[PDB]
Each structure stands twice: as C-alpha cells, then as structure tokens.
Amino acid sequence: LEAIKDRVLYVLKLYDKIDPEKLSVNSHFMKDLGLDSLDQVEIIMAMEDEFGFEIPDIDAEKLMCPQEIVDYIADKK
Amino acid sequence: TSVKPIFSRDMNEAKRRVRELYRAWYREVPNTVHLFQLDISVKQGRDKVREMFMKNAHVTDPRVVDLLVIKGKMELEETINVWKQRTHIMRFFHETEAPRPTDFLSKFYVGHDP
Amino acid sequence: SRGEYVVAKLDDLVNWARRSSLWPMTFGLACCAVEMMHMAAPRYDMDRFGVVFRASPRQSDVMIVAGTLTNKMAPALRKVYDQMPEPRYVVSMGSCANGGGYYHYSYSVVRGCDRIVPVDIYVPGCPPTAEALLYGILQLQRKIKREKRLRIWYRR
Amino acid sequence: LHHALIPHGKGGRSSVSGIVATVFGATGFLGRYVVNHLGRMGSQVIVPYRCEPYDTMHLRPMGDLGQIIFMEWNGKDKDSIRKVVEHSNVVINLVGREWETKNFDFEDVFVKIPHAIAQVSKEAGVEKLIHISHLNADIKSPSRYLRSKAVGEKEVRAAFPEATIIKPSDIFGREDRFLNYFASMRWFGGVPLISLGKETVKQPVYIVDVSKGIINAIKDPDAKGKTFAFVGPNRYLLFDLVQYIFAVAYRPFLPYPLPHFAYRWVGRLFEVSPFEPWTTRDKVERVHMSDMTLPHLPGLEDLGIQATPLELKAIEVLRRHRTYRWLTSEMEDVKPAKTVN
Amino acid sequence: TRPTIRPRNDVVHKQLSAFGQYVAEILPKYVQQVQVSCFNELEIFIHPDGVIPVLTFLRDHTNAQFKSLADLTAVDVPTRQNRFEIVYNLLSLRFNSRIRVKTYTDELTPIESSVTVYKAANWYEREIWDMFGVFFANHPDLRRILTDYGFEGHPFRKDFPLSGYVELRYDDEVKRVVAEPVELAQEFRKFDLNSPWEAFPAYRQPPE
Amino acid sequence: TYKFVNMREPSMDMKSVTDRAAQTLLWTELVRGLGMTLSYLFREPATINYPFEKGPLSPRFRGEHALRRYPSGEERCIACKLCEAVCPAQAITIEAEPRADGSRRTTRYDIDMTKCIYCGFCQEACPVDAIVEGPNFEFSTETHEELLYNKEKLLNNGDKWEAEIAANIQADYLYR
Ligand SMILES: COC1=C(OC)C(=O)C(C/C=C(\C)CC/C=C(\C)CC/C=C(\C)CC/C=C(\C)CC/C=C(\C)CC/C=C(\C)CC/C=C(\C)CC/C=C(/C)CC/C=C(\C)CCC=C(C)C)=C(C)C1=O
Ligand SMILES: CCCCCCCCCCCCCCCCCC(=O)OC[C@H](COP(=O)([O-])OCC[N+](C)(C)C)OC(=O)CCCCCCCCCCCCCCCCC
Ligand SMILES: CCCCCCCCCCCCCCCCC[C@@H](O)O[C@H](CO[C@H](O)CCCCCCCCCCCCCCC)COP(=O)(O)OCC[N+](C)(C)C
Ligand SMILES: CCCCCCCC/C=C\CCCCCCCC(=O)O[C@H](COC(=O)CCCCCCC/C=C/CCCCCCCC)COP(=O)(O)OCCN
Ligand SMILES: NC(=O)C1=CN([C@@H]2O[C@H](COP(=O)(O)OP(=O)(O)OC[C@H]3O[C@@H](n4cnc5c(N)ncnc54)[C@H](OP(=O)(O)O)[C@@H]3O)[C@@H](O)[C@H]2O)C=CC1
Ligand SMILES: *P(=O)(O)OCC(C)(C)[C@H](O)C(=O)NCCC(=O)NCCSC(=O)CCCCCCCCCCCCC
Ligand code: SF4
Ligand code: SF4
Ligand code: SF4
Numbered sequence: 076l077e078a079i080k081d082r083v084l085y086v087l088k089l090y091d092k093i094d095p096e097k098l099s100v101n102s103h104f105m106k107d108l109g110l111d112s113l114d115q116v117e118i119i120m121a122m123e124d125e126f127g128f129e130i131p132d133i134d135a136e137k138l139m140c141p142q143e144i145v146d147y148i149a150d151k152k
Numbered sequence: 041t042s043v044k045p046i047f048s049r050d051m052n053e054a055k056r057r058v059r060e061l062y063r064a065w066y067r068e069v070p071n072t073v074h075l076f077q078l079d080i081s082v083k084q085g086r087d088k089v090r091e092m093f094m095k096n097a098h099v100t101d102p103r104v105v106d107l108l109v110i111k112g113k114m115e116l117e118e119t120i121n122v123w124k125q126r127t128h129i130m131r132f133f134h135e136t137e138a139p140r141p142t143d144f145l146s147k148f149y150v151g152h153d154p
Numbered sequence: 041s042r043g044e045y046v047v048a049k050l051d052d053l054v055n056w057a058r059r060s061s062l063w064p065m066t067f068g069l070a071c072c073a074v075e076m077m078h079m080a081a082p083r084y085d086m087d088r089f090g091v092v093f094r095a096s097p098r099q100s101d102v103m104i105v106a107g108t109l110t111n112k113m114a115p116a117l118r119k120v121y122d123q124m125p126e127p128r129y130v131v132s133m134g135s136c137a138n139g140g141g142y143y144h145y146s147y148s149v150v151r152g153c154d155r156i157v158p159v160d161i162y163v164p165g166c167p168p169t170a171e172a173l174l175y176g177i178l179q180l181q182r183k184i185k186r187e188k189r190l191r192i193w194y195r196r
Numbered sequence: 031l032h033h034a035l036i037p038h039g040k041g042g043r044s045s046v047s048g049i050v051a052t053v054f055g056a057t058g059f060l061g062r063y064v065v066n067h068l069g070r071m072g073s074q075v076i077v078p079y080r081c082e083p084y085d086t087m088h089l090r091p092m093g094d095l096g097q098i099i100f101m102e103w104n105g106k107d108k109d110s111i112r113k114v115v116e117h118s119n120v121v122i123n124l125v126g127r128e129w130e131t132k133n134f135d136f137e138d139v140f141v142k143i144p145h146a147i148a149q150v151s152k153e154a155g156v157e158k159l160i161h162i163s164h165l166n167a168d169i170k171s172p173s174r175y176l177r178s179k180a181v182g183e184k185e186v187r188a189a190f191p192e193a194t195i196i197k198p199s200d201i202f203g204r205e206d207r208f209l210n211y212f213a214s215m216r217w218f219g220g221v222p223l224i225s226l227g228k229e230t231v232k233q234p235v236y237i238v239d240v241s242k243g244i245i246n247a248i249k250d251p252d253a254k255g256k257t258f259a260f261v262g263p264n265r266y267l268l269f270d271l272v273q274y275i276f277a278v279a280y281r282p283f284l285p286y287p288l289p290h291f292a293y294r295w296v297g298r299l300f301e302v303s304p305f306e307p308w309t310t311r312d313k314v315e316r317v318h319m320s321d322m323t324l325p326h327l328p329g330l331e332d333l334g335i336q337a338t339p340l341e342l343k344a345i346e347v348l349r350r351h352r353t354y355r356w357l358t359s360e361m362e363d364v365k366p367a368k369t370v371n
Numbered sequence: 043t044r045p046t047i048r049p050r051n052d053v054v055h056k057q058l059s060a061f062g063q064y065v066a067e068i069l070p071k072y073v074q075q076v077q078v079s080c081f082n083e084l085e086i087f088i089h090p091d092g093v094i095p096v097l098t099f100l101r102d103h104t105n106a107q108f109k110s111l112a113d114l115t116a117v118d119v120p121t122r123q124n125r126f127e128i129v130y131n132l133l134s135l136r137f138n139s140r141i142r143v144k145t146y147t148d149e150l151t152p153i154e155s156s157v158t159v160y161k162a163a164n165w166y167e168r169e170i171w172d173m174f175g176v177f178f179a180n181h182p183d184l185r186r187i188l189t190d191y192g193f194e195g196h197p198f199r200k201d202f203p204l205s206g207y208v209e210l211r212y213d214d215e216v217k218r219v220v221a222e223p224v225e226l227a228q229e230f231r232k233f234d235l236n237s238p239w240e241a242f243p244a245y246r247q248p249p250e
Numbered sequence: 037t038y039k040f041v042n043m044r045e046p047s048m049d050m051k052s053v054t055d056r057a058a059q060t061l062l063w064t065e066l067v068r069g070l071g072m073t074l075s076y077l078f079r080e081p082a083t084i085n086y087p088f089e090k091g092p093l094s095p096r097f098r099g100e101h102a103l104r105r106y107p108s109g110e111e112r113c114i115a116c117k118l119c120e121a122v123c124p125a126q127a128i129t130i131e132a133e134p135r136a137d138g139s140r141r142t143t144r145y146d147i148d149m150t151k152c153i154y155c156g157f158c159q160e161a162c163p164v165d166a167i168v169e170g171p172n173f174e175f176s177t178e179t180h181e182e183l184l185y186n187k188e189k190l191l192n193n194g195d196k197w198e199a200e201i202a203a204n205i206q207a208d209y210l211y212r
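Residue numbers (the UniProt record's numbering), protein chains in the order written: chain A, 76 to 152; chain P, 41 to 154; chain V, 41 to 196; chain C, 31 to 371; chain S, 43 to 250; chain D, 37 to 212.
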C-alpha cells in the first residue's frame, strides 16, 4: 500500500493545478485544493494512466480524496 | 411543465453524460495531434477542449445539456474518423483572426460598433 | 547579343511545348462540367489542339474549375491544386467559379475560386458554351506564349 | 485625410484600412508575408515586380477585388519607381539579394536601389517609408553584405529623414534560408562548423512576428523616424541551434570543425552557380558572425508583439525535412536546446 | 368553357374525403384533423407521438397500402409554440393515391425516427436534423449530411441569415483554408414587394 | 401498356446450341463490335475547324450584354430599374438622377458578369429595349475585375455590336 500511495502522490504532484506544499494524503480535491468536476475527472484519468485499469464514472465520482484513491486501487489490486 | 425528457430526467444524469463526453474528448487529443500532424501541443488541445466545454457552463436545462452532448459526440466522431481535415481542427483556434479590441476607448477609436 | 538570342530561342521552345501540350485534370463540379464534356466531344474536339484530360493531379498542367465551389469542397480543391506540380495554370469556368454566380449570397458557397487558388483565365457564362471554353483555352495558350522565364533569368 | 483614406469596416477582407502601400520586393519571403497581412486587413497594395508574372501568382488571392495591383518596375529606373510610388502613402522596402549576380551587386541592391526608392518617395509626397536592414549592419563588418546594409541605411536615413528602419536578426519560416540552410547540409555528409560552432551566438526571429511588427510600425504614429531591432526571445550558440535543428528533423547530426580559410574556399566553389547558389562566402561570414546586442533600440515588445520562440514554430519548417519514419512525430518530442541568456 | 381555369375533380375529392374520415375513425388516439384541399390532396394532422402507429397503419393496412415514402421535410414557422412542422408524403401504388401526414415539434422535443417503417427516412431525417435542429430519437446514424464539417447552426431556420456568419478563404501565412466572419463586397439588397392591397378575399382572416 | 426488356429463352435445338458454342469459341459478337468501330473509322468526322469555323447560333442567343440607343444617338434606358428588380442573381446595380436637360437617365449602371446567370430576364423586362443580351460569347478575361462591367463598358458594347443586335432583334421581335 505504501507503493500505491507513493505512485498516487507522484501523479498528483505532476498535476499543474495541485500545490505540492498544500497537497496531503487527506486533502479534499473540491474543498482543500479548490478544484472542480473537470479537474477531478482529469486527475482520475491520470490515475488510470498510471495503474493501467479502467475506473468507471460511477466509481470515479467517489474518489474525492487521495486516500480514497489509494483505497480504491488497493481494493481492485 | 411535464416536458418529454430526451435522454436525462434530471441535471445529475446530464452532468454524468457531460463528464463521459469530456473523458472521451480528453483521451482523443493525443491521437488527433498525431494523426492530423498538427503543430500544437497536446496541452493546447486539452486546453481548447476545456475551454469549449466551459463556455456552456451556464446552462441549467437538462434538455439543452443533452443536445449539447449529442452535438459534442457527433463532432468527436467526425474527428476520430478523420472526416474533418486539419483545416477544421485548426478552425477551433482562430489563428488568423485579428485580436478584437474589448475596451470602450479602443472600440471608439476603431469605429461605430457598440 | 548572342546569349540574349539563345535564351529567347530556348524559352520560345519551352513555351511552345507547354502551350501545345495541355493536360487538364478531370475535375468537374457542376453543370459547367457538361459543357466541358461537349468541348471534349467530336464537334469541338479538344484533343485536336493537344489538350488531354488526365485523372491524377501529378500529371496535370491545367485545372479547369468548372462549377460551384462550396465551403465543404474548398479544402479538396486547394489540395489537388497543391498536388499539381509546376508550372500549373487555372481556368475558372462559369459564373459560380468566377464569382458567386446564382449562389453568391449563400452560407455554403465560396464567392469565386480566386479566393482559394490563383486563377489565370476567367470564362464567363452560365454555362459558357463549348466554343467559349475553347476560346478561353486558346487565350490561355497565347498567355503561355508570352512567358519569358529564361529571358528574365538572363537579365536577373 | 482624403475621404477615400478614412477607415471603414471591421478590418476584414472587404473593409477599407486607409493604407495604400507600395511593397518593393514583395515577390519574396518577407514580401509575401507583408502583402498577406496588408491584404488581410483590407488595404490597397501595389506590387512592383521585375520577374515573370507567373512568379507573382501566389500574391493574387491575398486581397479582395482590386486591392492588389501589379506594376512592372526596373531597379535602376527612377521613372518606374515614381510610377509605382506615385499614389501611395506607405512605401515598404524589402528589396535585397543574398548573392551578387552579373548585373546587380550588393552595392546596387542595398545602397543604390534603397536610396532611389527613398529619394523618389520623398519627391512624390509619400508619408511613410519602412526600410528593412539587417541587425548586424556594421560599416566595419567582415561581410560586404552587411557593409552595404550599413551604407544603405545611412543613405536612406539621409534621403527620407522620417523613415522607420527595421533591423531583423535572422528570420526563420517555411520559405526561409536559415533553418533550410542548416537542414539541407545533410546531403554533404557531415555538418562543417567554424570553431565547431562554439563561438557564435544567434537569436533568430519569426517571420510572422517580423511581418506583424512591420504592419504595426505603419499604424504606430510615434514610430515615424525611428530604428527598431527585431530579435527573438532566446539566444543560442550555433552548435546547440544546429544540433536542435537536426534533432527536430530527426537527421543524424555529425558536426566537424572546418577552418575559416577552407570554409571560404568551399563557399567560393559554390558561388560560381549561374542559378541561385547554395552557399557563398558572405553567407559563410554571416553564419559565423554572432548577432549583435542593441539594448538601446526599441523592439517587438515596444511595437506590441510578443516574440514567438523557435521551439514553437520549428516543427512547421523542419517537418518537411523528416523521413517517412519520423514525419508524424509531435512537437514536444524533442527537448528544447540550451539557451545563452 | 373556361380555357384559363383549372378544372376540378369532385369524384377524387369525394374519395379523399371518405378515406380521411376512414382514417380518423380508425385512429382516434392520434389524428387531430383531416383536410382535403380543393386540388384533391388529403392531409392528416396527428399528435406528434403517433408517428410510428399512424405511419405503420398507412403502410401495412390492406385498404391503405402507402408502401412508398415520397418525401420527408419540415417547415419553420417562428410564430408558433411548436415552430417546426414535420411533413410526410406517402404514395400508394396499389390505389394510385398520395397522402400527407403532418406533425409538430420544437427545438428541445424529439420525434421518434421512422426508419423502422421506411428506410428513406434515414437520410430524410438526417437532413431535417442538419437543416432545422430537430432531433430524431432512435435513429441509426444521426449526423450532418449537407453542411460543412463543424458548421455551427441550422441554416434552414427562419432566423438564420442568408449568407451565414462565416466564410472561407485560403491564407498563405498558415497554408490552409481559414474561416473568418462574413463580410460582403456588395450587401444583399432586400426588396419590399408585398402590395398593401388584399389579393384573395377568400383567405381573409378575422380582424380579431 | 408495358413490355419486357429481357424475358426470352434460347432455343435448345442442336443447331442453336452449336451456333451458341461457335459464338463462345469464335468471338462473333466481339468481331461484330470491331466491325462497327471500323465503320465509324471510315466515316467522316464531325469536328469543325475552330476558330475558323463556328457552330450555329440563333437570334435568340444570349451572350454579352449591351446598352442600346435610339437612331438619334439618345440612350434608350430611362432608369426604370425593372431589370434590377427582375434580375434573379442581383447582378444589376442602378442609380439615376435628372440630367442637365431634365431627362430621366442613369448615372450608374453596373452588371457583375461573374454574378450574372445569363437568363435574359432583363431584356424581357425592359420596356424600351435598352438592355439586351447580345450575340458575343467570346469575352473571357485574365482578371476578375475586368468582368465587372459599368455603364461606359456596356455602352461601348452596344456601339460595337449595334448592327448585329439590331438585326437579331428585327428577326426575333415578332415572337415576343
Ligand atoms: C470529372 O468529370 C468529367 C468526366 O468524367 C470522368 C468526363 O468524362 C469528361 C469528358 C472527358 C472525356 C470523356 C475524356 C475520355 C477520353 C478518353 C478516355 C480517350 C482520349 C485519349 C486519351 C485519354 C489518350 C491519352 C494519351 C496521352 C495523354 C499520351 C501523350 C503523352 C506523351 C506523348 C508523352 C510520352 C511520349 C514520349 C515521352 C516520347 C519520347 C520520345 C523520345 C525520347 C524519342 C527521341 C529519342 C532520342 C534519342 C532523341 C534523338 C533523336 C534523333 C537525333 C533522331 C533525329 C534524326 C533525324 C535524321 C531526324 C469531363 C469533361 C469531366 O469533367
Ligand atoms: C551523378 C551522375 C554522374 C554522371 C553524369 C553524366 C552526364 C549527365 C548528363 C545529364 C545532365 C543532367 C542535368 C541537366 C541540367 C543541367 C544543369 C545542372 O546540371 O545543374 C546542376 C546544378 C543546378 O543547381 P540547382 O539545383 O539550382 O538547379 C536547378 C535547375 N535549374 C536551376 C537549372 C532550373 O548546377 C550546379 O550545381 C553547378 C553550380 C556549381 C555547384 C558546385 C558543386 C560542387 C560539387 C558538389 C559537391 C560538393 C561537396 C562535396 C563534399 C565532399 C568533398 C570531398
Ligand atoms: C522527342 C525528342 C525531342 C528531343 C528534343 C529536341 C527538340 C526538337 C526541336 C523541336 C522544335 C519544334 C518547333 C515547333 C515549331 C512551331 C510551329 C509554329 O506554329 O510556331 C509558331 C512560332 O512559335 C514560336 O514563336 C517558336 C516555337 C518554335 C521555335 C523554338 C526555337 C527554335 C527551336 C530550336 C531549339 C532552340 C535552339 C536555338 C539555339 C540555342 C507559332 O504558331 P502557333 O501560334 O503556336 O499556332 C497556332 C495555331 N494556329 C496557327 C492555327 C492558330
Ligand atoms: C483435326 C483436329 C484438330 C484439333 C484442334 C481443334 C481446335 C479448333 C476448335 C477449337 C478452337 C477454339 C478456339 C480457342 C479460343 C477460345 C477462347 C475462349 O475460351 O472463348 C471465350 C473466352 O475468350 C474471350 O472471351 C475473349 C475476351 C477478350 C476479347 C477482347 C479482344 C478480342 C477481339 C480481337 C480478336 C482477336 C483476333 C486474334 C488474331 C490473332 C493474330 C495473331 C469463352 O469465355 P466465356 O464466353 O466468358 O465463357 C466461358 C465460361 N462460361
Ligand atoms: N530573411 C532574412 O534572413 C533577413 C532578411 N533581411 C532583409 O529583408 C529583405 C527581404 O528578405 P527576404 O525575403 O529574405 O529576401 P528574398 O530574397 O526572398 O526577396 C528579395 C526580393 O527583392 C527582389 N529583388 C532582389 N534583387 C532585386 C533587384 N536587383 N531589382 C529588383 N528587385 C529585386 C526579389 O524579386 P525577384 O524575385 O523578382 O527578383 C524579391 O522580391 C532583404 O532586404 C533582406 O536583406 C534582413 C534580415 C534577415
Ligand atoms: P462540475 O461538474 O461542478 O463542473 C462541470 C462544468 C464545469 C462543466 C459545469 O460547471 C457544468 O456542469 N455546467 C452545467 C451545464 C453543462 O452541462 N455544461 C457543459 C455542457 S456539455 C458541452 O458543452 C459539450 C461541448 C463539446 C465540446 C466540444 C469539444 C471541441 C474541442 C476541440 C478540440 C480540438 C483540439 C485538438
Ligand atoms: S455558372 Fe451556371 S452552368 Fe456553371 S456551375 Fe454555376 S449554375 Fe451551373
Ligand atoms: S441575364 Fe438574368 S442574371 Fe444576367 S443581368 Fe439579366 S436578369 Fe440578371
Ligand atoms: S429595364 Fe431597361 S429602361 Fe428600365 S432601368 Fe433596366 S435597362 Fe433601363
């Protein structure tokens, strides 16, 4: 799970609209980071680009935290 | 009143369809830049996709949103099948139009337009 | 001068061949292309003058824009014109290619092919008769005859 | 203003911009771009030409009906110069050649013709004169080309004191010499560089930026008697620049040093061509020469133009030189060259 | 005789009126109106969601074998709440007759596609969509048919300008055809032709 | 009534079968087509020797436009704008004012020959036979601007072609 968390944080830090200092493993995308629907969609697509598995729209809308992302990846292996 | 729903019964389903279309358009920009041999960046293409999605952000009618995603899907399939040419893809960018002034003084100097 | 005389004779030879071997691309858009067929027909045989239709733009010297050019067709017309190797000439046939024509004030029509390609001859009519198009072709030949490329180069 | 020179419209093809411009040397690279911008804004353009009229055909679609007018002129003929500048309020001077032919020298194309244009224009009542010089226009330059540029700049300033003298650095575009000169050296095995290109610094400028600046200098009322320097944003060493050119073209870059005298001999070999030469001794000197820094002169930012970096427009020019294996490679596939700023 | 006046056919008028009553009785749920114009053309105005039932009846019924779809088009009337009027022209080869069916819709209300009844409806409905903006629900392939790729707007609507908003030219700087706002060297000269005197009293509307 | 274009069945007698077999093995219909082409080869070609020979034309032919005059030299056009009204292609532009002698005469009369569809409605709608579509059809130019005629050009056309225009109108005015 540590590797999954590291990969997720690596993807997030590459994103231009994420402030690396303000980023944390429990930072809310909409609230803490102040993003919108399309930015979150792009982030989820970037996560798909890394771990190489399809995340459906219904599941993607429930991935509003980096911790939620790592939990989803771990559950789906 | 009780109007016929075209595809979506509520604004949340329309937002879902908008997100699906945005994913489709986002994942096709690299292929479009490669196939059409455009001189723009993939980042520029994605920025244009976001900008075109974002100028309809004021719409609050699920039927208008359904029609917008229908037209967006049609113009996505025109790009994928290479029915469009490089001409149209670059028509999305207005690379030849002069910068239109937006301030009162510049408009007053140029001419009679409001 | 000797060199002036030689270059004059040389470009006379080069212009004679180009004017006497004209190979239009098979490119017709609308009703004006039927009068082009009648120019090809036995009554006004165009092959008699050395004018032969070729299908490939790579093997064509003249583009006869015969018909209405639309916004959906302008890219294709420009593409085939570009793929024609030089020297290449354009004859715009009929009102629709010369200007708008009957469809000037339309959302879907280009008002003249000269917005898209450089046009050398303009043949007016709706449609120009086969004799009118033949007159335009002969006028194009006389325009080729006046070219002095080697004469310009020698003095350049 | 005359009632026919008052602007009308929206700055489109069928508008009236109030500009009547005679563009000398419009049958060339910078000329075609300037004529395109003028006709696009909807101006009256006069094109003096000495070549075969077939070579002026690409300028026909550039303007609306009657807006482009072609007249025949002789460089050594003040009567023809007056005939073409008689009815215009702007005269643009882009006449020049990168080699010396039998009938015209560097002194003829860069001193005699510009002086005649500036002198006839002043007599004819032309309000504005734009004159294109070179950035490295030095009277003591090793290059006869640039010495003639300096002398002709002085003569133009003397004859037409209200002139705008523009000094581009090294214009690169689709039809240019710069990128095509460096990218066409793949035929002669390796790339011969003087001092291996480590002692040369260049900041090229983009053709569209140059033409937009030329157009804005016409419209600017406080650029009447001025001198500008049109340069790019980034300065590159010649070795880095050529290596980047070959990287973008996907060609194997094999640079080798060549001493200056040997390179001069090679350039002398190529300039015996009756046709357009591939390279010349003055071309070799200009290539080896570093671009001057002139911080006192105004520039594209002062004319309102944001200079376009080479890394954004190099793939327009260099994609033609790729092979089929590499034609479809994207713009961001090549890392930018190191700059010297 | 009256050499310059078109003769009438009361027998055909009666036959068309009888068949209109027949159809109106058979399909009460959808048929709103039936008319017979005096040059013997039957016209059936239906509720917009009875398109498939009414067309299938007119195609398959033994006493109405309208197996052929001559045309399918729309008319734009901005003054109506449902501006668009979908028109179906059917031809019966068995009884050597023709019928018209009329439906109404607006911008945001779809009309069921009739490609399951007539195969010509495919391209006919594609053209209706392209030129008017009417969406057809279950259409196999609904996209533009006549306009340029990426063309914005539906040109046959009454509120669309005759010359449109953009026009094309070749730009040498970018080496491609470009789209720029329309600008006319000579503007279209609009003529006011209507006479201020009434021509046909038989169509005079009540002063209201 | 109707007829069947392909509904016949071949005869199956031995003679007919042998004839069809000979046609298959010996290419009889192919040689017949060869004979037809050879016959055309020995016929006389239908090609006229342009530009020294011209195809037939009629008084009704509609070619280049012209503005006519009365025998006195006065212009026939009275600036009534009926041609401008009827022109399908909106190719006529007209502006008029009282002349120095008070005549109703045009100051501007333009015809865009790149917009004109050569339909001849303007000479049907002219009440004074001023605007006509003359017999000239060989007037192709090298630039677009040369095809935008004005009043001076149209009057010059009328003066150049008046004899033939008058003869054609005389020949065809009883059908009008
Ligand atoms: C787009 O819609 C449209 C259509 O729908 C498609 C249409 O249908 C039409 C209507 C058009 C048609 C119906 C056209 C259809 C017609 C046909 C299909 C039939 C027409 C005929 C042809 C198409 C035939 C075409 C043939 C061509 C073009 C051949 C011409 C090419 C050449 C002659 C070049 C090749 C020859 C060469 C290179 C000769 C070389 C010779 C040498 C080198 C010999 C010299 C050698 C030496 C060594 C020189 C030295 C010699 C010496 C010194 C000897 C001298 C010595 C002496 C003593 C004298 C229209 C308008 C339309 O719009
Ligand atoms: C490869 C074949 C060998 C056998 C040849 C047998 C005879 C062939 C007879 C047919 C001739 C065909 C040509 C007809 C046209 C005539 C004009 C012509 O040829 O123009 C050619 C070119 C023309 O240049 P161009 O490309 O501008 O020509 C285009 C054609 N025009 C302009 C005529 C329309 O002429 C020259 O190159 C001459 C000028 C001087 C050039 C000096 C080059 C030096 C040598 C090259 C290599 C240098 C680097 C070496 C590196 C390594 C060193 C160790
Ligand atoms: C296949 C192998 C070829 C190899 C290369 C060898 C080439 C051999 C040379 C071929 C010469 C062909 C000569 C063509 C004769 C021209 C015929 C004549 O009619 O031309 C007139 C004159 O044409 C030009 O003025 C001159 C063209 C020929 C002269 C060329 C220069 C001399 C050729 C020798 C080569 C040059 C070397 C000179 C010293 C360096 C113009 O007539 P035109 O208007 O069209 O006819 C219209 C039809 N009408 C009459 C019914 C209306
Ligand atoms: C004493 C005992 C001797 C024993 C020898 C007996 C042999 C003599 C009798 C048999 C000879 C038969 C002739 C052989 C050639 C027959 C070829 C053939 O198969 O006929 C045609 C095939 O041939 C063709 O179709 C020709 C098509 C191409 C024609 C275009 C050019 C022909 C016109 C030019 C005429 C040629 C003249 C030849 C001159 C030669 C000069 C050297 C049949 O094909 P189909 O009709 O499609 O049906 C078969 C399947 N159902
Ligand atoms: N592009 C560059 O790298 C830079 C260029 N400049 C200067 O900008 C100007 C334009 O450059 P560029 O487009 O590259 O040059 P080109 O060689 O492409 O064009 C030169 C033009 O001048 C005409 N011309 C040349 N000699 C004569 C003559 N003797 N008489 C009449 N006309 C003549 C040519 O006409 P024709 O074809 O008919 O002979 C052509 O229209 C030149 O003065 C050049 O020195 C300055 C800095 C950088
Ligand atoms: P979050 O979900 O809160 O925010 C979502 C957005 C920002 C979209 C809005 O807040 C929103 O939901 N608005 C509601 C109205 C709406 O649905 N807007 C979007 C309509 S979908 C639409 O507009 C599709 C348009 C298609 C885009 C065309 C693409 C063309 C790009 C060309 C690219 C070529 C480059 C190579
Ligand atoms: S000019 Fe006339 S004949 Fe020719 S294509 Fe147009 S409408 Fe047809
Ligand atoms: S012939 Fe027809 S299109 Fe031409 S000017 Fe006369 S009325 Fe107009
Ligand atoms: S119809 Fe005849 S008289 Fe009337 S304006 Fe036209 S040309 Fe003149």
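Using N, Cα and C, we set each Cβ at its ideal position, and we do this for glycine too.
When we look at the beta-carbon of residue i and count the other beta-carbons within 10 Å, is it buried (16 or more) or exposed?
i                      : result
residue 149 of chain P : exposed
Among the options, which residue has its Cα nearest to the Cα of residue i?
i                      : options                       : result
residue 165 of chain C : C/235, C/139, C/117 and C/298 : C/235
residue 116 of chain C : C/307, C/253 and C/154        : C/154
residue 98 of chain D  : D/174, D/186 and D/188        : D/174
residue 195 of chain C : C/249, C/255 and C/245        : C/255
residue 64 of chain V  : V/46, V/125, V/41 and V/56    : V/125
residue 201 of chain D : D/118, D/133, D/101 and D/145 : D/101
Residues of the region 107–126 of chain V with Cβ closer than 8 angstroms to any Cβ of chain S, in chain order: 110, 111, 112, 114, 115 and 118
Cβ contact check for the region 73–86 of chain S and the region 157–173 of chain S: 3 or more pairs under 8 angstroms: no
Contact the region 204–220 of chain C vs the region 166–185 of chain C: 3+ CB pairs below 8 angstroms: Using a C-beta cut-off of 8 angstroms, the region 204–220 of chain C makes no contact with the region 166–185 of chain C, since fewer than three inter-stretch Cβ pairs fall below that distance.
Under 7 angstroms (Cβ pairs) to chain V, residues found in the region 79–101 of chain C: 81, 82, 84, 87, 88, 90 and 91
Contact between the region 146–160 of chain C and the region 83–91 of chain C (3+ Cβ pairs under 8 angstroms): no
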